[PDB]
>>> print(open('start_20.pdb').read())   # PDB, N, CA and C atoms
ATOM      1  N   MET A   1      16.745  -5.406  -2.825
ATOM      2  CA  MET A   1      17.151  -5.510  -1.401
ATOM      3  C   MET A   1      17.069  -4.152  -0.711
ATOM      4  N   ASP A   2      15.967  -3.444  -0.942
ATOM      5  CA  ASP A   2      15.763  -2.129  -0.344
ATOM      6  C   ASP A   2      14.609  -2.153   0.652
ATOM      7  N   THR A   3      14.909  -1.813   1.901
ATOM      8  CA  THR A   3      13.905  -1.794   2.959
ATOM      9  C   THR A   3      13.768  -0.391   3.548
ATOM     10  N   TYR A   4      12.614   0.237   3.336
ATOM     11  CA  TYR A   4      12.379   1.587   3.846
ATOM     12  C   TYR A   4      12.014   1.574   5.325
ATOM     13  N   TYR A   5      11.972   2.762   5.917
ATOM     14  CA  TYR A   5      11.648   2.910   7.331
ATOM     15  C   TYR A   5      10.196   2.531   7.601
ATOM     16  N   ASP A   6       9.953   1.977   8.782
ATOM     17  CA  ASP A   6       8.611   1.563   9.176
ATOM     18  C   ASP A   6       7.780   2.765   9.597
ATOM     19  N   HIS A   7       8.359   3.599  10.459
ATOM     20  CA  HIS A   7       7.683   4.796  10.948
ATOM     21  C   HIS A   7       7.237   5.672   9.785
ATOM     22  N   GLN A   8       7.787   5.394   8.612
ATOM     23  CA  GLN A   8       7.459   6.140   7.410
ATOM     24  C   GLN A   8       6.361   5.431   6.619
ATOM     25  N   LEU A   9       6.369   4.102   6.680
ATOM     26  CA  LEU A   9       5.393   3.288   5.969
ATOM     27  C   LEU A   9       4.032   3.324   6.651
ATOM     28  N   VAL A  10       4.013   3.637   7.941
ATOM     29  CA  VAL A  10       2.753   3.721   8.662
ATOM     30  C   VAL A  10       1.866   4.798   8.036
ATOM     31  N   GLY A  11       0.629   4.420   7.736
ATOM     32  CA  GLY A  11      -0.315   5.335   7.109
ATOM     33  C   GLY A  11      -0.485   5.065   5.624
ATOM     34  N   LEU A  12       0.073   3.952   5.158
ATOM     35  CA  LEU A  12      -0.028   3.566   3.752
ATOM     36  C   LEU A  12      -1.021   2.424   3.590
ATOM     37  N   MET A  13      -1.486   2.205   2.365
ATOM     38  CA  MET A  13      -2.436   1.131   2.104
ATOM     39  C   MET A  13      -1.682  -0.173   1.903
ATOM     40  N   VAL A  14      -1.683  -1.022   2.919
ATOM     41  CA  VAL A  14      -0.966  -2.286   2.839
ATOM     42  C   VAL A  14      -1.891  -3.424   2.441
ATOM     43  N   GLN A  15      -1.362  -4.359   1.659
ATOM     44  CA  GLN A  15      -2.144  -5.511   1.219
ATOM     45  C   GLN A  15      -1.250  -6.730   1.069
ATOM     46  N   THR A  16      -1.849  -7.864   0.731
ATOM     47  CA  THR A  16      -1.088  -9.087   0.541
ATOM     48  C   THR A  16      -0.673  -9.239  -0.915
ATOM     49  N   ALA A  17       0.297 -10.107  -1.163
ATOM     50  CA  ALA A  17       0.780 -10.344  -2.515
ATOM     51  C   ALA A  17      -0.343 -10.836  -3.418
ATOM     52  N   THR A  18      -1.229 -11.658  -2.861
ATOM     53  CA  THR A  18      -2.352 -12.195  -3.618
ATOM     54  C   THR A  18      -3.322 -11.089  -4.018
ATOM     55  N   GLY A  19      -3.252  -9.964  -3.312
ATOM     56  CA  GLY A  19      -4.118  -8.841  -3.619
ATOM     57  C   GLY A  19      -5.185  -8.610  -2.566
ATOM     58  N   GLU A  20      -4.943  -9.089  -1.350
ATOM     59  CA  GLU A  20      -5.905  -8.918  -0.268
ATOM     60  C   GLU A  20      -5.702  -7.574   0.418
ATOM     61  N   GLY A  21      -6.699  -6.703   0.306
ATOM     62  CA  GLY A  21      -6.604  -5.391   0.915
ATOM     63  C   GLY A  21      -6.859  -5.423   2.407
ATOM     64  N   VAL A  22      -5.802  -5.639   3.185
ATOM     65  CA  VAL A  22      -5.932  -5.689   4.634
ATOM     66  C   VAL A  22      -6.374  -4.335   5.184
ATOM     67  N   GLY A  23      -5.921  -3.258   4.543
ATOM     68  CA  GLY A  23      -6.304  -1.925   4.973
ATOM     69  C   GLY A  23      -5.146  -0.951   4.950
ATOM     70  N   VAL A  24      -5.274   0.134   5.706
ATOM     71  CA  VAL A  24      -4.223   1.138   5.786
ATOM     72  C   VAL A  24      -3.484   0.994   7.098
ATOM     73  N   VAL A  25      -2.178   0.813   7.022
ATOM     74  CA  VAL A  25      -1.388   0.660   8.226
ATOM     75  C   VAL A  25      -1.386   1.969   9.000
ATOM     76  N   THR A  26      -1.398   1.889  10.322
ATOM     77  CA  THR A  26      -1.407   3.089  11.144
ATOM     78  C   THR A  26      -0.200   3.155  12.063
ATOM     79  N   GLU A  27       0.536   2.054  12.165
ATOM     80  CA  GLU A  27       1.707   2.008  13.018
ATOM     81  C   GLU A  27       2.407   0.657  12.949
ATOM     82  N   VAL A  28       3.681   0.647  13.325
ATOM     83  CA  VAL A  28       4.466  -0.580  13.350
ATOM     84  C   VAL A  28       4.894  -0.894  14.790
ATOM     85  N   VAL A  29       4.967  -2.176  15.141
ATOM     86  CA  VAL A  29       5.369  -2.559  16.497
ATOM     87  C   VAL A  29       6.802  -3.064  16.528
ATOM     88  N   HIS A  30       7.656  -2.367  17.269
ATOM     89  CA  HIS A  30       9.055  -2.755  17.379
ATOM     90  C   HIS A  30       9.179  -4.064  18.146
ATOM     91  N   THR A  31       9.343  -5.160  17.410
ATOM     92  CA  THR A  31       9.468  -6.472  18.026
ATOM     93  C   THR A  31      10.925  -6.803  18.319
ATOM     94  N   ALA A  32      11.162  -8.008  18.820
ATOM     95  CA  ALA A  32      12.512  -8.446  19.144
ATOM     96  C   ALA A  32      13.344  -8.658  17.883
ATOM     97  N   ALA A  33      12.725  -9.250  16.865
ATOM     98  CA  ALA A  33      13.411  -9.520  15.607
ATOM     99  C   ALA A  33      13.406  -8.302  14.695
ATOM    100  N   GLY A  34      12.336  -7.522  14.769
ATOM    101  CA  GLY A  34      12.225  -6.333  13.943
ATOM    102  C   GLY A  34      11.020  -5.480  14.291
ATOM    103  N   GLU A  35      10.039  -5.448  13.390
ATOM    104  CA  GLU A  35       8.828  -4.659  13.592
ATOM    105  C   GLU A  35       7.590  -5.395  13.079
ATOM    106  N   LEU A  36       6.418  -4.890  13.460
ATOM    107  CA  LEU A  36       5.142  -5.469  13.041
ATOM    108  C   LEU A  36       4.356  -4.466  12.208
ATOM    109  N   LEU A  37       3.259  -4.917  11.614
ATOM    110  CA  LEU A  37       2.429  -4.040  10.799
ATOM    111  C   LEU A  37       1.018  -3.930  11.361
ATOM    112  N   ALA A  38       0.736  -2.824  12.043
ATOM    113  CA  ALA A  38      -0.590  -2.599  12.598
ATOM    114  C   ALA A  38      -1.470  -1.936  11.549
ATOM    115  N   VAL A  39      -2.302  -2.734  10.893
ATOM    116  CA  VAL A  39      -3.176  -2.223   9.847
ATOM    117  C   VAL A  39      -4.628  -2.157  10.305
ATOM    118  N   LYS A  40      -5.306  -1.078   9.929
ATOM    119  CA  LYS A  40      -6.699  -0.871  10.303
ATOM    120  C   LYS A  40      -7.643  -1.647   9.396
ATOM    121  N   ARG A  41      -8.104  -2.798   9.876
ATOM    122  CA  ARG A  41      -9.020  -3.631   9.107
ATOM    123  C   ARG A  41     -10.334  -2.905   8.854
ATOM    124  N   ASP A  42     -11.213  -3.536   8.089
ATOM    125  CA  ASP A  42     -12.508  -2.948   7.767
ATOM    126  C   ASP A  42     -13.329  -2.674   9.023
ATOM    127  N   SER A  43     -13.393  -3.657   9.915
ATOM    128  CA  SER A  43     -14.173  -3.516  11.138
ATOM    129  C   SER A  43     -13.301  -3.609  12.389
ATOM    130  N   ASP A  44     -12.081  -4.113  12.233
ATOM    131  CA  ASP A  44     -11.168  -4.256  13.364
ATOM    132  C   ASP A  44      -9.756  -3.818  12.989
ATOM    133  N   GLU A  45      -8.763  -4.487  13.567
ATOM    134  CA  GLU A  45      -7.365  -4.172  13.301
ATOM    135  C   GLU A  45      -6.489  -5.402  13.522
ATOM    136  N   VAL A  46      -5.550  -5.635  12.609
ATOM    137  CA  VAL A  46      -4.658  -6.785  12.713
ATOM    138  C   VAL A  46      -3.195  -6.373  12.627
ATOM    139  N   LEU A  47      -2.311  -7.283  13.030
ATOM    140  CA  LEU A  47      -0.881  -7.028  13.017
ATOM    141  C   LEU A  47      -0.125  -8.108  12.241
ATOM    142  N   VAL A  48       0.860  -7.697  11.438
ATOM    143  CA  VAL A  48       1.652  -8.649  10.660
ATOM    144  C   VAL A  48       3.133  -8.246  10.617
ATOM    145  N   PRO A  49       4.056  -9.195  10.876
ATOM    146  CA  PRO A  49       5.500  -8.923  10.876
ATOM    147  C   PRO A  49       6.005  -8.324   9.568
ATOM    148  N   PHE A  50       6.704  -7.198   9.684
ATOM    149  CA  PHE A  50       7.273  -6.516   8.529
ATOM    150  C   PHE A  50       8.718  -6.937   8.335
ATOM    151  N   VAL A  51       8.974  -7.615   7.230
ATOM    152  CA  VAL A  51      10.309  -8.091   6.918
ATOM    153  C   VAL A  51      10.591  -7.943   5.431
ATOM    154  N   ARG A  52      11.799  -7.503   5.107
ATOM    155  CA  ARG A  52      12.202  -7.314   3.719
ATOM    156  C   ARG A  52      12.008  -8.602   2.913
ATOM    157  N   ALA A  53      11.785  -9.715   3.613
ATOM    158  CA  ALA A  53      11.602 -11.004   2.951
ATOM    159  C   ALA A  53      10.139 -11.229   2.597
ATOM    160  N   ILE A  54       9.268 -10.950   3.556
ATOM    161  CA  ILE A  54       7.834 -11.114   3.367
ATOM    162  C   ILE A  54       7.272 -10.030   2.449
ATOM    163  N   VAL A  55       7.726  -8.798   2.651
ATOM    164  CA  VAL A  55       7.277  -7.672   1.845
ATOM    165  C   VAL A  55       7.585  -7.901   0.366
ATOM    166  N   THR A  56       6.566  -7.738  -0.474
ATOM    167  CA  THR A  56       6.717  -7.937  -1.912
ATOM    168  C   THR A  56       7.011  -6.631  -2.634
ATOM    169  N   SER A  57       6.186  -5.628  -2.373
ATOM    170  CA  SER A  57       6.339  -4.328  -3.008
ATOM    171  C   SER A  57       6.132  -3.201  -2.006
ATOM    172  N   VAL A  58       6.623  -2.016  -2.350
ATOM    173  CA  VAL A  58       6.498  -0.861  -1.477
ATOM    174  C   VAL A  58       6.367   0.437  -2.274
ATOM    175  N   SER A  59       5.168   1.009  -2.260
ATOM    176  CA  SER A  59       4.909   2.262  -2.961
ATOM    177  C   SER A  59       5.149   3.440  -2.024
ATOM    178  N   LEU A  60       6.171   4.231  -2.325
ATOM    179  CA  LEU A  60       6.520   5.371  -1.488
ATOM    180  C   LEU A  60       5.749   6.618  -1.892
ATOM    181  N   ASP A  61       5.837   6.938  -3.171
ATOM    182  CA  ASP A  61       5.177   8.118  -3.725
ATOM    183  C   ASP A  61       3.668   7.922  -3.858
ATOM    184  N   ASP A  62       3.245   6.706  -4.189
ATOM    185  CA  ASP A  62       1.829   6.414  -4.357
ATOM    186  C   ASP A  62       1.125   6.274  -3.011
ATOM    187  N   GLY A  63       1.909   6.115  -1.948
ATOM    188  CA  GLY A  63       1.340   5.975  -0.624
ATOM    189  C   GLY A  63       0.647   4.640  -0.426
ATOM    190  N   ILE A  64       1.332   3.557  -0.786
ATOM    191  CA  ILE A  64       0.766   2.212  -0.666
ATOM    192  C   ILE A  64       1.849   1.180  -0.327
ATOM    193  N   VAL A  65       1.433   0.044   0.235
ATOM    194  CA  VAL A  65       2.358  -1.022   0.610
ATOM    195  C   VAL A  65       1.833  -2.406   0.206
ATOM    196  N   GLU A  66       2.769  -3.310  -0.067
ATOM    197  CA  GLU A  66       2.470  -4.680  -0.453
ATOM    198  C   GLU A  66       3.270  -5.642   0.419
ATOM    199  N   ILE A  67       2.621  -6.691   0.906
ATOM    200  CA  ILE A  67       3.285  -7.666   1.762
ATOM    201  C   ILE A  67       2.785  -9.076   1.487
ATOM    202  N   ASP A  68       3.402 -10.049   2.143
ATOM    203  CA  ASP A  68       3.015 -11.445   1.990
ATOM    204  C   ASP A  68       2.988 -12.129   3.351
ATOM    205  N   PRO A  69       1.868 -11.990   4.078
ATOM    206  CA  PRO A  69       1.706 -12.589   5.407
ATOM    207  C   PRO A  69       1.744 -14.114   5.363
ATOM    208  N   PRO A  70       2.478 -14.758   6.292
ATOM    209  CA  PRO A  70       2.563 -16.217   6.340
ATOM    210  C   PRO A  70       1.215 -16.826   6.696
ATOM    211  N   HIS A  71       0.762 -17.792   5.900
ATOM    212  CA  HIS A  71      -0.531 -18.448   6.123
ATOM    213  C   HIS A  71      -1.612 -17.442   6.554
ATOM    214  N   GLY A  72      -2.148 -17.602   7.766
ATOM    215  CA  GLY A  72      -3.190 -16.704   8.251
ATOM    216  C   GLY A  72      -2.676 -15.646   9.216
ATOM    217  N   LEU A  73      -1.379 -15.374   9.163
ATOM    218  CA  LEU A  73      -0.759 -14.389  10.047
ATOM    219  C   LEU A  73      -1.231 -12.968   9.740
ATOM    220  N   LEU A  74      -1.917 -12.791   8.617
ATOM    221  CA  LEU A  74      -2.425 -11.472   8.240
ATOM    222  C   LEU A  74      -3.428 -10.961   9.274
ATOM    223  N   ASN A  75      -3.572 -11.700  10.373
ATOM    224  CA  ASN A  75      -4.493 -11.327  11.437
ATOM    225  C   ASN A  75      -3.814 -11.414  12.803
ATOM    226  N   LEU A  76      -3.599 -10.257  13.431
ATOM    227  CA  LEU A  76      -2.960 -10.190  14.746
ATOM    228  C   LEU A  76      -1.524 -10.709  14.686
ATOM    229  N   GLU A  77      -0.697 -10.259  15.626
ATOM    230  CA  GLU A  77       0.699 -10.675  15.676
ATOM    231  C   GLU A  77       0.828 -12.114  16.166
TER
END
>>> encode(input="start_20.pdb", output="structure tokens")
Amino acid sequence: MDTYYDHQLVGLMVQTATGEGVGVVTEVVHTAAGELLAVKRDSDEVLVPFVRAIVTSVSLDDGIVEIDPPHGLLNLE
């Protein structure tokens, strides 16, 4: 039950639980419920809600992030 800061997670390699490399996050969007995950896709950029529930793993020292986007939410907010 540990949730790190978003402004700190920005710039890490975020992916899905299944192992989908969405890319490296560059910023989080402060939403009404919490924050979002702005990750730099291969050719574009997508956004995904950051929640201690959806997030599976979080590498602080390794500089990487793991998440579990709902269905096809791994694309845009």
>>> atom_distance(input="start_20.pdb", atom1="atom N of residue 67 (chain A)", atom2="CA of residue 30 (chain A)")
18.1 Å
>>> residues_around(input="start_20.pdb", residues="region 40-51 of chain A", least_positions_apart="6", cutoff="6 Å", atoms="only N, CA and C atoms", output="mmCIF file with N, CA and C atoms, keeping the file's coordinate frame")
data_model
loop_
_atom_site.group_PDB
_atom_site.id
_atom_site.type_symbol
_atom_site.label_atom_id
_atom_site.label_comp_id
_atom_site.auth_asym_id
_atom_site.auth_seq_id
_atom_site.Cartn_x
_atom_site.Cartn_y
_atom_site.Cartn_z
ATOM 1 N N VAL A 22 -5.802 -5.639 3.185
ATOM 2 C CA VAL A 22 -5.932 -5.689 4.634
ATOM 3 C C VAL A 22 -6.374 -4.335 5.184
ATOM 4 N N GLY A 23 -5.921 -3.258 4.543
ATOM 5 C CA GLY A 23 -6.304 -1.925 4.973
ATOM 6 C C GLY A 23 -5.146 -0.951 4.950
ATOM 7 N N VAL A 24 -5.274 0.134 5.706
ATOM 8 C CA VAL A 24 -4.223 1.138 5.786
ATOM 9 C C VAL A 24 -3.484 0.994 7.098
ATOM 10 N N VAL A 25 -2.178 0.813 7.022
ATOM 11 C CA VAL A 25 -1.388 0.660 8.226
ATOM 12 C C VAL A 25 -1.386 1.969 9.000
ATOM 13 N N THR A 26 -1.398 1.889 10.322
ATOM 14 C CA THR A 26 -1.407 3.089 11.144
ATOM 15 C C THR A 26 -0.200 3.155 12.063
ATOM 16 N N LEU A 73 -1.379 -15.374 9.163
ATOM 17 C CA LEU A 73 -0.759 -14.389 10.047
ATOM 18 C C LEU A 73 -1.231 -12.968 9.740
ATOM 19 N N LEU A 74 -1.917 -12.791 8.617
ATOM 20 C CA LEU A 74 -2.425 -11.472 8.240
ATOM 21 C C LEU A 74 -3.428 -10.961 9.274
ATOM 22 N N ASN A 75 -3.572 -11.700 10.373
ATOM 23 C CA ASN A 75 -4.493 -11.327 11.437
ATOM 24 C C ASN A 75 -3.814 -11.414 12.803
ATOM 25 N N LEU A 76 -3.599 -10.257 13.431
ATOM 26 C CA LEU A 76 -2.960 -10.190 14.746
ATOM 27 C C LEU A 76 -1.524 -10.709 14.686
ATOM 28 N N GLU A 77 -0.697 -10.259 15.626
ATOM 29 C CA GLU A 77 0.699 -10.675 15.676
ATOM 30 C C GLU A 77 0.828 -12.114 16.166
#
>>> atom_distance(input="start_20.pdb", atom1="CA of residue 1 (chain A)", atom2="atom C of residue 16 (chain A)")
18.2 Å
>>> resolve_selection(input="start_20.pdb", expression="the PyMOL selection byres ((chain A and resi 12) around 8)", output="PyMOL selection string")
chain A and resi 8-11+13-15+23-27+59+62-66
>>> atom_distance(input="start_20.pdb", atom1="CA of residue 55 (chain A)", atom2="atom N of residue 69 (chain A)")
7.3 Å
>>> select_by_dssp(input="start_20.pdb", residues="chain A", states="helix (DSSP H, G or I)", output="number ranges by chain")
A: 6-9
>>> select_by_dssp(input="start_20.pdb", residues="chain A", states="strand (DSSP E or B)", output="list in words")
residues 13, 14, 15, 16, 23, 24, 25, 26, 27, 30, 35, 36, 37, 38, 39, 40, 45, 46, 47, 48, 49, 50, 57, 58, 59, 64, 65, 66 and 67 of chain A
